[PDB]
*Asks:* 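One structure, as structure tokens, below. Some questions next.
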Amino acid sequence: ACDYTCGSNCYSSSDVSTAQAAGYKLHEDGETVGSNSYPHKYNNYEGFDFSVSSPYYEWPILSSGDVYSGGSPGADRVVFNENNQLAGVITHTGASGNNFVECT
Ligand SMILES: Nc1nc2c(ncn2[C@@H]2O[C@H](CO)[C@@H](O)[C@H]2OP(=O)(O)O)c(=O)[nH]1
Ligand SMILES: [Ca+2]
């Protein structure tokens, strides 16, 4: 079973932890990857009720199991905060335009 289901993509907690670790490291070093410059601030326009405090940052999580290194980020993202706490896993899949919905 999936710990997180983003549309058709299935993620385990280990997938999320691995992605989050990579994104947080880049954040701490002040570096980015990809044309969209990940990780970058997640403004939470959607208004999700995260259990952890902001600021929030988003980083792609890939269905391939590999850590994002550039190129197309796909539709899924892990959101973490300044303390490297997981806020949630969200996706553009099933959402209009560039909006996000939470993975289940
Ligand atoms: N929907 C949404 N997009 C955000 C938010 N913060 C940053 N963005 C980024 O701004 C772009 C245009 O709104 C979105 O595609 C998204 O980039 P990502 O695709 O990199 O997540 C947010 O809180 N909500
Ligand atoms: Ca996996």
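The figures that follow rest on heavy atoms only: side chains count, while hydrogens, waters and symmetry mates do not. In listed order, ligands and their atoms are each counted from 1. Numbers here simply count residues along the sequence, with the first being 1.
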*Asks:* Considering all heavy atoms of both residues, which atom of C6 and which atom of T91 are nearest to each other, and what is their separation?
*Replies:* CB-CB, 3.9 Å
*Asks:* Which atom names give the shortest non-hydrogen contact between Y57 and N81, and what distance separates them?
*Replies:* CD1-C, 4.3 Å
*Asks:* Would you mind running through ligand 1 and noting each atom that sits below 4.0 Å from a heavy atom of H40?
*Replies:* 7 (C), 17 (O), 20 (O)
*Asks:* Counting each atom of ligand 1 from 1 as listed, which ones have a heavy atom of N99 under 4.0 Å away?
*Replies:* 1 (N)
*Asks:* State the atoms of ligand 1, each with its element, that fall below the 4.0 Å cut-off from a heavy-atom position in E46.
*Replies:* 1 (N), 2 (C), 22 (C), 23 (O), 24 (N)
*Asks:* Using only heavy-atom distances, determine whether the side chains of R77 and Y38 contain a donor-acceptor pair under 3.5 Å.
*Replies:* yes
*Asks:* Looking only at distances, can you tell me whether any N or O atom of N36, backbone or side chain, sits closer than 3.5 Å to an N or O atom of ligand 1?
*Replies:* no
*Asks:* Report, in ascending order of atom number, the atoms of ligand 1 lying under 4.0 Å from any heavy atom of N44.
*Replies:* 22 (C), 23 (O)
*Asks:* Closest heavy-atom contact between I61 and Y11?
*Replies:* O-OH, 3.4 Å
*Asks:* Mind checking whether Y38 has a heavy atom under 4.0 Å from ligand 1?
*Replies:* yes
*Asks:* Please name the pair of heavy atoms, one in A75 and one in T93, separated by the smallest distance, quoted to 0.1 Å.
*Replies:* CB-OG1, 3.5 Å
